[PDB]
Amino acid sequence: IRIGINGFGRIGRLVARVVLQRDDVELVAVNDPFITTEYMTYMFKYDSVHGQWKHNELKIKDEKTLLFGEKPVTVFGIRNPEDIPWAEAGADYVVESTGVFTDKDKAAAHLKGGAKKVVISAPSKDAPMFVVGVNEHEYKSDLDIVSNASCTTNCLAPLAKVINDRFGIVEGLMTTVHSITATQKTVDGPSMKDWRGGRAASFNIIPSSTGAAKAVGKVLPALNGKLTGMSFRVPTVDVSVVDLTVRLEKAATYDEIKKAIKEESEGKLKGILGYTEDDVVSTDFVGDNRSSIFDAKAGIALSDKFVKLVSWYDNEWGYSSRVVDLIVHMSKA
């Protein structure tokens, strides 16, 4: 299980922290043209949210290798995927976490290097989409390039599946309150694709567009077309919270809904879905590695068919775990 990372960013570095820590996978190659080999060293070591790394990893040679205890990782800086030699240093698995190559077409440039699989660290217009714990088994050794969906979809689908599996969802609207990301700006700046997105990120509540509810349909067909949503970017560095307003087919009191989710959190969905009854706020989930954590005391019901459910997620650390879990599930057909 040799893993390469394309784009050593929030997700890429975090995914590296996760990979290097597990004993069943190994980190073979990193690519990022914008970060020099040594600089990678600094970026990996220090982190504003996740803390200084607690094991070890340094620069061995002028530009080609880092040393983690005793495992070499080679370092590339290649602007173009097709010109990444994942082959010439092993790494059957590639995490595509640049944000520019989500088109299955564009991520395939990785097959041209020596790479058996590609995992895109975002939703794709056109790549099978899997969310661990909900539809990862729909996977096949014959799918070359795949997607781990998005952090929001990963938080939503697990709650969504359980909710519909047992009470059925007539209709659903989701709102997420979400932390800022690399695509935002420190001060009002240009972002042609999304205008509300150039506004100074830590000083505004910025409405923002999210395709996750339309994505839950595409990993969970019973719900296809039955949910949609929007988002608000707000000024926290990390952690987000999903807010789902749903209409239930079968009448259910709040307490019933509560321990139906508690059960799955203990059962099939342990490690993916969590459940809490504490008075948590978002810093409480920094470093939490579940996909979704249901917040019982938070949610609210109008009537036993109409209800609002709140679930947390650490958009960076949770989603990064799931990437590794997909990859491992991949290698075991």
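Numbers for residues come from their place in the sequence shown, where the first is 1.
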**Q.** Higher-scoring stretch by recorded Cα B factor average, 95-103 or 235-243
**A.** 95-103
**Q.** 149-157 versus 216-224 - greater average Cα B-factor per the deposited record
**A.** 216-224
Q) Whose C-alpha has the highest temperature factor in the PDB entry: 207, 128, 172, 189? A) 128
Q | Highest recorded Cα temperature factor - choice among 43, 67, 272, 300 | A | 67
Q) What third of its chain's C-alpha B-factors does residue 23 belong to: lowest, middle or highest? A) highest
Q: Looking at the entry's B-factor column for C-alpha atoms only, identify whether residue 265 ranks in the lowest, middle or highest third of its chain.
A: middle
Q: Give the position of residue 283 by CA B-factor within its chain, expressed as the lowest, middle or highest third.
A: lowest
Q) residue 77's Cα B-factor: lowest, middle or highest third of the chain? A) highest
**Q.** Modelled-residue ranking by C-alpha temperature factor, third containing residue 57
**A.** highest
